[PDB]
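J.: Sharing entry37.cif here; it has mmCIF, C-alpha atoms.
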```
data_query
#
loop_
_atom_site.label_atom_id
_atom_site.label_comp_id
_atom_site.auth_asym_id
_atom_site.auth_seq_id
_atom_site.Cartn_x
_atom_site.Cartn_y
_atom_site.Cartn_z
CA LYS A 1 1.30 10.26 10.34
CA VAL A 2 -2.41 9.77 9.70
CA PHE A 3 -3.26 11.39 6.33
CA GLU A 4 -6.57 13.09 5.64
CA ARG A 5 -8.26 11.59 2.56
CA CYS A 6 -7.82 14.34 -0.06
CA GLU A 7 -4.38 15.21 1.24
CA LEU A 8 -3.32 11.64 0.47
CA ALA A 9 -5.04 11.67 -2.95
CA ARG A 10 -3.10 14.71 -4.08
CA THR A 11 0.17 13.31 -2.66
CA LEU A 12 -0.22 10.00 -4.52
CA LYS A 13 -1.12 11.83 -7.70
CA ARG A 14 2.07 13.88 -7.44
CA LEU A 15 4.07 10.67 -6.96
CA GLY A 16 2.79 9.21 -10.21
CA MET A 17 0.39 6.61 -8.82
CA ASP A 18 -2.63 7.59 -10.93
CA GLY A 19 -2.97 4.96 -13.64
CA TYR A 20 0.30 3.26 -12.64
CA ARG A 21 0.33 -0.14 -14.36
CA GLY A 22 -3.32 0.43 -15.15
CA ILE A 23 -4.24 1.07 -11.51
CA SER A 24 -6.36 4.18 -10.99
CA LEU A 25 -5.76 6.56 -8.11
CA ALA A 26 -9.13 5.65 -6.51
CA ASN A 27 -8.04 1.98 -6.20
CA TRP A 28 -4.82 2.97 -4.45
CA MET A 29 -6.85 5.13 -2.07
CA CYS A 30 -9.19 2.18 -1.40
CA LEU A 31 -6.13 -0.01 -0.69
CA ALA A 32 -4.43 2.40 1.81
CA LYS A 33 -7.82 3.00 3.46
CA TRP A 34 -8.47 -0.66 4.25
CA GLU A 35 -4.89 -1.71 4.86
CA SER A 36 -3.93 0.97 7.36
CA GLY A 37 -6.54 3.72 7.43
CA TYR A 38 -4.06 6.17 5.87
CA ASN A 39 -1.67 5.60 8.80
CA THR A 40 2.05 5.41 7.90
CA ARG A 41 3.23 3.89 11.22
CA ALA A 42 0.78 1.01 11.09
CA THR A 43 2.47 -2.39 11.56
CA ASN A 44 0.90 -5.81 11.75
CA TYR A 45 2.76 -8.93 12.84
CA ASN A 46 1.44 -12.31 11.67
CA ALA A 47 2.36 -14.82 14.36
CA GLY A 48 1.42 -17.75 12.13
CA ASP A 49 4.22 -17.05 9.65
CA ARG A 50 6.63 -14.57 11.32
CA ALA A 51 6.34 -11.82 8.74
CA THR A 52 5.18 -8.27 9.58
CA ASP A 53 3.19 -5.81 7.40
CA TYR A 54 4.54 -2.26 7.39
CA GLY A 55 3.09 1.17 6.74
CA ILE A 56 0.34 2.79 4.76
CA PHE A 57 0.21 -0.08 2.21
CA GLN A 58 0.99 -2.82 4.76
CA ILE A 59 3.89 -4.10 2.70
CA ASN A 60 5.15 -7.54 3.72
CA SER A 61 8.61 -8.22 5.22
CA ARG A 62 8.84 -11.66 3.53
CA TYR A 63 9.04 -10.43 -0.08
CA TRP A 64 9.37 -6.70 -0.20
CA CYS A 65 11.31 -5.15 2.64
CA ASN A 66 13.89 -6.45 5.08
CA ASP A 67 13.43 -6.34 8.86
CA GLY A 68 16.06 -8.99 9.54
CA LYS A 69 13.76 -11.31 11.53
CA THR A 70 11.57 -12.80 8.78
CA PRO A 71 12.66 -16.26 7.56
CA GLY A 72 13.40 -16.62 3.85
CA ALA A 73 12.82 -12.96 3.26
CA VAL A 74 13.65 -11.55 -0.14
CA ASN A 75 14.04 -7.80 -0.09
CA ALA A 76 12.57 -7.09 -3.54
CA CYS A 77 12.18 -3.38 -2.92
CA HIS A 78 15.73 -3.35 -1.49
CA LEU A 79 14.61 -1.35 1.53
CA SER A 80 14.66 -1.58 5.27
CA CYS A 81 11.08 -2.00 6.45
CA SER A 82 11.85 1.00 8.62
CA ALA A 83 11.59 3.19 5.50
CA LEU A 84 7.94 2.22 5.09
CA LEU A 85 7.20 3.70 8.55
CA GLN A 86 8.23 7.32 7.73
CA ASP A 87 5.78 10.20 7.38
CA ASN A 88 7.25 10.82 3.93
CA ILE A 89 5.63 8.08 1.80
CA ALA A 90 8.00 8.36 -1.18
CA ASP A 91 9.73 5.03 -0.39
CA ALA A 92 6.45 3.24 0.40
CA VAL A 93 5.08 4.34 -2.99
CA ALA A 94 8.19 3.25 -4.87
CA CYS A 95 7.94 -0.13 -3.16
CA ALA A 96 4.19 -0.41 -3.85
CA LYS A 97 5.00 0.26 -7.55
CA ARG A 98 7.48 -2.67 -7.39
CA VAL A 99 4.83 -4.98 -5.93
CA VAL A 100 2.31 -4.33 -8.73
CA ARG A 101 4.99 -4.77 -11.39
CA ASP A 102 4.45 -8.51 -10.60
CA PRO A 103 1.77 -10.42 -12.59
CA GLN A 104 -0.93 -10.26 -9.88
CA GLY A 105 -0.74 -6.48 -9.74
CA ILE A 106 -2.94 -4.80 -7.14
CA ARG A 107 -4.56 -8.22 -6.50
CA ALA A 108 -1.45 -9.01 -4.42
CA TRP A 109 -3.36 -7.49 -1.48
CA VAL A 110 -6.27 -9.62 -0.30
CA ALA A 111 -8.03 -6.64 1.28
CA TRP A 112 -8.22 -5.05 -2.22
CA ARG A 113 -10.16 -8.08 -3.44
CA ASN A 114 -12.47 -8.05 -0.39
CA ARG A 115 -13.29 -4.36 -0.27
CA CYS A 116 -12.29 -2.63 -3.53
CA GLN A 117 -12.50 -5.01 -6.49
CA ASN A 118 -15.68 -4.57 -8.57
CA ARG A 119 -16.95 -1.77 -6.37
CA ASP A 120 -17.76 1.90 -6.78
CA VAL A 121 -14.50 3.32 -5.39
CA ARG A 122 -15.11 6.90 -6.66
CA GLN A 123 -15.89 8.07 -3.17
CA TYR A 124 -12.23 7.83 -2.23
CA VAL A 125 -11.22 10.76 -4.49
CA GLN A 126 -14.42 12.86 -4.55
CA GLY A 127 -13.89 16.53 -3.95
CA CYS A 128 -10.11 16.18 -3.62
CA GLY A 129 -9.38 17.92 -6.88
CA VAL A 130 -7.29 15.15 -8.44
#
```
Translate this structure into structure tokens?
T.:
Amino acid sequence: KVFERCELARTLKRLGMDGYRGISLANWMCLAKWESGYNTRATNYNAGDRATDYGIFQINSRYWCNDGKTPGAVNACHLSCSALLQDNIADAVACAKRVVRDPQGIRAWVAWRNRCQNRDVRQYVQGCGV
């Protein structure tokens, strides 16, 4: 499913993402935007290392979910990567919360550093009523 901006904002808010581990809703919106464009079925295989990024948050199959074909994969979220491809993002959000519970936090995603860090990310939640 490809979420409309405000629809996603309200959904994430309801799932307890706003201010989770100090991460504001607008940063999460900036992350999903640049990682997948609010698309839940987005997948990206990295031929150089054999791991694939799944879903709206492009969560990695090496550390977070298990797809069975990634070498030395730890399944920290204890989920099948398939779960991060559903239209219902409840599992993707619970896994994303797991990821940021690590010391790096939201910095775990390079795209966040490139396009969200130190920027005016207000635009991502404007007019959504969250």
J.: Using the chain letters and numbers from the file, which residues does the PyMOL selection byres ((chain A and resi 5) around 12) grab, as an MDAnalysis selection string?
T.: chainID A and resid 2:4 6:12 26 28:30 32:33 37:39 123:130
J.: Please produce a file of the residues just selected, as a JSON list (two decimals), in the frame of the given file, where the atoms kept are C-alpha atoms.
T.:
```json
[["chain", "number", "residue", "atom", "x", "y", "z"],
["A", 2, "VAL", "CA", -2.41, 9.77, 9.70],
["A", 3, "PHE", "CA", -3.26, 11.39, 6.33],
["A", 4, "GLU", "CA", -6.57, 13.09, 5.64],
["A", 6, "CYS", "CA", -7.82, 14.34, -0.06],
["A", 7, "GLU", "CA", -4.38, 15.21, 1.24],
["A", 8, "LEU", "CA", -3.32, 11.64, 0.47],
["A", 9, "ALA", "CA", -5.04, 11.67, -2.95],
["A", 10, "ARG", "CA", -3.10, 14.71, -4.08],
["A", 11, "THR", "CA", 0.17, 13.31, -2.66],
["A", 12, "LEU", "CA", -0.22, 10.00, -4.52],
["A", 26, "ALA", "CA", -9.13, 5.65, -6.51],
["A", 28, "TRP", "CA", -4.82, 2.97, -4.45],
["A", 29, "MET", "CA", -6.85, 5.13, -2.07],
["A", 30, "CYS", "CA", -9.19, 2.18, -1.40],
["A", 32, "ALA", "CA", -4.43, 2.40, 1.81],
["A", 33, "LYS", "CA", -7.82, 3.00, 3.46],
["A", 37, "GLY", "CA", -6.54, 3.72, 7.43],
["A", 38, "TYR", "CA", -4.06, 6.17, 5.87],
["A", 39, "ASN", "CA", -1.67, 5.60, 8.80],
["A", 123, "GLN", "CA", -15.89, 8.07, -3.17],
["A", 124, "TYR", "CA", -12.23, 7.83, -2.23],
["A", 125, "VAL", "CA", -11.22, 10.76, -4.49],
["A", 126, "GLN", "CA", -14.42, 12.86, -4.55],
["A", 127, "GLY", "CA", -13.89, 16.53, -3.95],
["A", 128, "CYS", "CA", -10.11, 16.18, -3.62],
["A", 129, "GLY", "CA", -9.38, 17.92, -6.88],
["A", 130, "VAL", "CA", -7.29, 15.15, -8.44]]
```
J.: Please measure the separation of atom CA of residue 93 of chain A and atom CA of residue 31 of chain A, giving the value in Å to one decimal.
T.: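 About the pair atom CA of residue 93 of chain A and atom CA of residue 31 of chain A: they are 12.2 Å apart.
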J.: Could you list as number ranges by chain every residue that has an atom within 10 Å of (-3.0, -6.0, -6.0), using the file's coordinates and counting only C-alpha atoms?
T.: A: 23, 27-28, 31, 96, 99-113, 117
J.: Please write the residues picked by the PyMOL selection byres ((chain A and resi 56-58) around 7) on this file as an MDAnalysis selection string.
T.: chainID A and resid 31:32 35:36 38:40 42:43 53:55 59:60
J.: I'd like the interatomic distance between atom CA of residue 67 of chain A and atom CA of residue 13 of chain A, to a tenth of an Å.
T.: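 Atom CA of residue 13 of chain A lies at a distance of 28.6 Å from atom CA of residue 67 of chain A.
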J.: Could you work out how far atom CA of residue 64 of chain A lies from atom CA of residue 92 of chain A, giving the answer in Å with one decimal?
T.: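 Interatomic distance, atom CA of residue 92 of chain A to atom CA of residue 64 of chain A: 10.4 Å.
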J.: Kindly provide, as JSON, the centre and edge lengths (Å, one decimal) of an axis-aligned box around all atoms of segment 26-38 of chain A given in the file, with 3 Å on each side.
T.:
```
{"center_x": -6.6, "center_y": 2.2, "center_z": 0.5, "size_x": 11.3, "size_y": 13.9, "size_z": 19.9}
```
J.: Please provide the set of residues having any atom within 10 Å of segment 70-77 of chain A, restricted to only C-alpha atoms, with same-chain residues fewer than 2 positions apart removed, written as a PyMOL selection string.
T.: chain A and resi 49-52+60-68+79-81+91-92+94-99
J.: For residue 34 of chain A, which residue among A:17, A:83, A:47, A:116 is the nearest when counting only C-alpha atoms?
T.: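 The answer is A:116, which sits nearest to residue 34 of chain A.
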